[PDB]
There are 2 protein chains.
Amino acid sequence: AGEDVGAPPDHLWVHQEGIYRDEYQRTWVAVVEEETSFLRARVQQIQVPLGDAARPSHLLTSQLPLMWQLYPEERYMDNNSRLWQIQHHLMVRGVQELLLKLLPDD
Amino acid sequence: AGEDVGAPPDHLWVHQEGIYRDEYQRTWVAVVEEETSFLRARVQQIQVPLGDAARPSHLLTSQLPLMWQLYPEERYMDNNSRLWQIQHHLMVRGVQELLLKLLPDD
């Protein structure tokens, strides 16, 4: 809104805890910013090294999902069917940033 | 969007450089976050002390305006008739926050 950032990624697949990859093989770093009543994830498109993909056993306990898939009405649906609202998608200090908010399951 | 923050202030009047007051006499602290191609102001509703109102002569050089007035389509019009897009209005760490983006004059 008032930006020239373009379209958000169609999908984000986890590689290692907190590091995702989109349909273009670009890496995104996700950090948790937990509020009292809810959880937000700030995801930035930053080129980071990739080592081994983590085992799902380690990822089961994470606060972030295994995957996000672009869903109608500017939000993402994860692997557990939960919806994440895109609160903002902008360029910050030259880096593309998504601000996601985990919504209550309806 | 996905928030329960409510309505943004109808107006913000500068008191001292970077410190504004809304229609309820509540103080808001504004900081500049300048990008390469544009300028953003992050404004948070935080209770701060108020001393003397600054003289307009000192405020003429500031990057922030003397006042913001809520304008249709979620944006603010300042004292110079410029428009600022509200990119986000949310509660961050318990503090209400506005993220404004100065748009090119049209």
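Below, chains carry the letters A, B, ... as their sequence lines are ordered, and counting in each starts from 1. Heavy-atom basis, side chains included; hydrogens, waters and symmetry copies ignored.
Under a 3.5 Å cut-off, the side chain of A:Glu35 and the backbone N or O of B:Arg93 do form a donor-acceptor pair. A side-chain donor-acceptor contact under 3.5 Å links B:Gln87 to the backbone of A:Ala1.
Atoms CG and CZ, on A:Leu90 and B:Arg40 in that order, are 4.5 Å from each other to the nearest 0.5 Å. Annotation: the span from A:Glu3 atom CD to B:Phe38 atom CZ amounts to 4.5 Å, rounded to 0.5 Å.
The neighbour count for B:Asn80 CG, taken as heavy atoms of other residues, nucleotides or ligands under 6.0 Å away, is above 12. By the 6.0 Å contact criterion, CD on B:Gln69 is open, its count of non-hydrogen atoms from other residues, nucleotides or ligands being 12 or less.
Taking hydrophobic clusters as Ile, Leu, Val, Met, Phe, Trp and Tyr residues chained together by side-chain heavy-atom distances below 4.5 Å, A:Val31 does not share a cluster with A:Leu100. Under a hydrophobic-cluster definition in which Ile, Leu, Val, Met, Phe, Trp and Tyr are linked whenever side-chain heavy atoms come within less than 4.5 Å, directly or via other members, B:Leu66 and B:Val32 are assigned to the same cluster. At a threshold of 4.5 Å between side-chain heavy atoms, the hydrophobic network of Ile, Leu, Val, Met, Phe, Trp and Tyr places A:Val14 and A:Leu64 in one connected group. Under a hydrophobic clustering in which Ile, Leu, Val, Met, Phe, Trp and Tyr are joined whenever their side-chain heavy atoms come within less than 4.5 Å, directly or via other members, B:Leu70 and B:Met77 fall into different clusters.
For the options A:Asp4, A:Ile86, A:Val92, A:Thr36, heavy-atom pairs under 4.5 Å to chain B are most numerous at A:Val92. With chain A as the partner, the residue from B:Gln85, B:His88, B:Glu34 showing the most heavy-atom pairs under 4.5 Å is B:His88.
Contact of B:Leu99 with chain A is made through the side chain alone, with heavy-atom distances under 4.5 Å.
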